[PDB]
Amino acid sequence: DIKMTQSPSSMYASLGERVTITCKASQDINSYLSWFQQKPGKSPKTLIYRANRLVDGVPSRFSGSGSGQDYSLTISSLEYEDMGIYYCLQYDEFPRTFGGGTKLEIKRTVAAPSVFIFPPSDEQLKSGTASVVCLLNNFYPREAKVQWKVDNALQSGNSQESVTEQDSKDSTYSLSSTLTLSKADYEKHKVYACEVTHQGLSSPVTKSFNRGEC
Amino acid sequence: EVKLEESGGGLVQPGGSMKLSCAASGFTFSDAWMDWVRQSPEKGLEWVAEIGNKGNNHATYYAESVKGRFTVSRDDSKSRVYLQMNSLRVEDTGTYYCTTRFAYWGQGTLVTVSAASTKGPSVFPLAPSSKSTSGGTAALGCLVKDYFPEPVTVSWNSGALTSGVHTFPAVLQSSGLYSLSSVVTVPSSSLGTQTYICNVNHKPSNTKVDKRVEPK
Ligand SMILES: CC(=O)N[C@@H]1[C@@H](O[C@@H]2O[C@H](CO)[C@H](O)[C@H](O[C@]3(C(=O)O)C[C@H](O)[C@@H](NC(C)=O)[C@H]([C@H](O)[C@H](O)CO)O3)[C@H]2O)[C@H](O[C@@H]2O[C@@H](C)[C@@H](O)[C@@H](O)[C@@H]2O)[C@@H](CO)O[C@H]1O
Ligand code: NA
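Keep in mind that residues are numbered from 1 along each chain as the sequence reads, not by the entry's scheme, and that residues without coordinates are left out. To label them, take the chains in the order written and letter them from A, then take the ligands in the order written and number them from 1. Side-chain figures throughout are based on the complete set of non-hydrogen atoms in the structure, without hydrogens or water.

The name given to chain B in the PDB entry is Heavy chain, and the organism recorded there is Mus musculus. Per the PDB header, the title for this entry is "Ab 1116NS19.9 bound to CA19-9".

You'll find chain A entered in the PDB entry as Light chain, with Mus musculus given as the organism.

1. Some details on the overall build of chain B
Just so we agree on the cut-off: Helical segments are the DSSP runs of H or I of at least four residues, strand segments are the runs of E of at least two, and each set is numbered from the N terminus. Just to be clear, the radius of gyration here is over C-alpha atoms, and the globule rule we use is 2.2 Å times residues to the power 0.38. Partly exposed describes any residue whose relative accessible area lies between the buried limit of under 20% and the exposed limit of over 50%, with all areas from a 1.4 Å probe on protein chains only and scaled to the type maximum. Contact definition: two residues touch when any of their heavy atoms are within 4.5 Å. Where accessible areas are quoted, they stem from the Shrake-Rupley method and a 1.4 Å probe; at the residue level, only the protein chains shown are allowed to cover. In this count, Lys and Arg are taken as positive residues and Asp and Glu as negative ones, while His and the chain termini are left out. Where a charge lies is defined by one atom per residue type: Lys uses NZ, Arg uses CZ, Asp uses CG and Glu uses CD.
When helices and strands are counted, chain B shows zero helices and 19 strands. The globule rule puts the C-alpha radius of gyration for 216 residues at 17 Å, and the 21 Å found for chain B is more than 25% above it. The principal-axis extents of the C-alpha atoms in chain B amount to approximately 70 × 40 × 25 Å. Residue burial in chain B is summarised as follows: out of 216 residues, 47% are buried. The long-range share in chain B, meaning contacts at least 24 apart out of those at least 6 apart in sequence, stands at 57%. Accessible surface for chain B amounts to roughly 10,100 Å². Of this, 46% is attributable to carbon and sulfur atoms. Each charge class in chain B was averaged separately, 20 positive and 17 negative side chains, and the resulting centres sit 7 Å apart.

2. Things to note about the interface of chain B and chain A
To keep it simple, the criterion reads: Summed over both partners, the accessible area lost on bringing two parts together, with a 1.4 Å probe, is the buried area. Each salt bridge in this description consists of a side-chain nitrogen of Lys or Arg and a carboxyl oxygen of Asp or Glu lying within 4 Å of one another. Whenever two N or O atoms come within 3.5 Å, that pair is a polar contact, provided that in protein one can donate a hydrogen and the other can accept it, and provided that, for residues adjacent in sequence, both atoms are side-chain atoms. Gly falls in the polar group here, along with every residue not listed as nonpolar (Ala, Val, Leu, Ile, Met, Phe, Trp, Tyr, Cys, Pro) or charged (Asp, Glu, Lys, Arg).
Facing the 36 residues of chain B at the interface are 36 residues of chain A. Across the interface of chain B and chain A, roughly 3,100 Å² is buried in total on both sides, 67% from carbon and sulfur atoms. For the interface between chain B and chain A, the tally reads two salt bridges. Here B:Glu50 ties to A:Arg96 by a salt bridge, and the two come within 2.8 Å at their closest N and O atoms. Taken together, the connections running from chain B to chain A amount to 13 residue pairs in polar contact. Looking at the side of chain B that touches chain A, the elements with two or more residues in it are β4 (34–40), β5 (44–51), β10 (104–105), β12 (122–126), β13 (137–147), β15 (165–167), β16 (171–172) and β17 (178–187) of chain B. Ranked by the residues each element gives to the side of chain B that touches chain A, the list is headed by β13(B), at six residues. Classifying every residue of the side of chain B that touches chain A by side-chain character gives 23 nonpolar, nine polar and four charged.

Laid out in C-alpha cells, this is it:
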C-alpha cells in the first residue's frame, strides 16, 4: 500500500496569505494525485487532479505542482471559504490511498464571546434529569475555559462541550457547555453559574441564575 | 450539473447486512468509473471499492479490509451504483460516499454498525433569558437530547430563519446516546412579537418534532 503523508497536520493562515501544503507518496505515483477540500459536515470536493489540473469551476487561486513522489497544493491568496480540511489521493495503483489531511483555519482579530446561560426546561425536569446549558457565541480564538459552579462548588466530570468549526462568514467559533445532573441533584441547589475565561475578555465573565426565579 | 445522491445508510447490528445505492445524473454514466469512499473520525478518508466502465468491462477492485464482505455493482440502464455490505463490523461505521472518477461526490450516507438501540430524541426549549441584554440581542435554542444513531437535522420556523443559527456537532454521552443544541441570536424586542419554532428531524427513528421556544 502506497503511504500518503500530508504536511502540515494543521495550520493557521491570514486572509490574503499564500498557503502551500504538501503530500508525499512512498513511491513514484506518476502524477496520479488529486487534492480535495472538505468543509465541516459536508462531502469532499475535488480541487485538482493529475497533480495540476483544475476541476471545472474551481477558483484559479488553487494550483497544484509536483511529480514523482512529492506534490504540493498552493492557494495564491487565501479566502474565508478556503477554511476546511484538505486531503490528497493517489490513484496510480490499488488500493487507492488518501493522505491524513491538513486542517486549514483562518486567522482573524480576537473576538470575545457573548455568553448565555439556560436553565433546564420544566418539560425536561419531569424526566428526572436536568441539563444546564452555557453558550459562547462568535468568539476567536478557539481557546476558551468554561467552568461550572453549583452553589460556588467547582464541577468536574459532569459537563460536555461542543464547538462549531470556524463560521464561513466571520471565521469565529461558538461553543456549548452542557452540565448534566439528576433532577434531585438539581433541585437541592440554588446558584448555577458558568464562568468563561477568554483572551478577548479583560477578566472572566460569569453568567448565573437562581433555580426557580423567573 | 453532475449529481450523485447516496441512500441506504442506517443502523445495523454487527454481522448484519446493508445495501447502499447511489443515483447519478448529469453525465454519461456508462462511460464513468465509480468508487465508494468512506470516512470516520478515527481513519479519515478510506477508499472502499471501484467499478470500471465498459473500457475494462466493469472490473471491480476492493480494499483488503472489505474484500469478500462487500460487493460493488452497477446498473447502467438505471444510472445506479450499489454497494452490498455483508458481515458488517463495528469498524465499518462511517459516512459512505459515491464518487465519479474521484472528481464529483455525493452528499454521503451514514452507516452505523452497533448493538445499540435506535432512540428518537427529546426536544427541550432553551428559553431566552428574562434579564435584558445591554444591546438588544437575545439567544434561544433547542436541546435535542438522547438519540441514536446520528443524524438529526434542525431548522427554525420551517426554514424561514437561517440568520444567526448555530447547530452544534452532536456529542456522544456516556450512555451511548447523542445530544446537541441548536441556538439562534434574535432581537430582544421581538421575543413578544415573534414565534420561534425549531423543526427537528431524526429520520433513523421516524421522528419529527416542532418545539416552540417561548420566554419564561
Ligand atoms: C475518462 C475515462 O473514464 N477514461 C477511462 C480510463 O480511466 C482513465 O485512466 C487514466 C490513466 O490511464 C486516469 O486514471 C484517468 O483519471 C482521471 C485523470 O487523472 O485524468 C481522474 C480525474 O479525477 C478525472 N477528472 C474529471 C474531471 O473527471 C479525469 C478525467 O475523467 C479524464 O482525464 C478525462 O479524459 O480522469 C481515468 O479517468 C480507463 O483506465 C482504467 O481505469 C483508470 C481508473 C486507471 O486505473 C487505468 O489504469 C485503467 O486503465 C479506461 C479503461 O477502463 O477506460 C477509459 O474510458
Ligand atoms: Na490526459
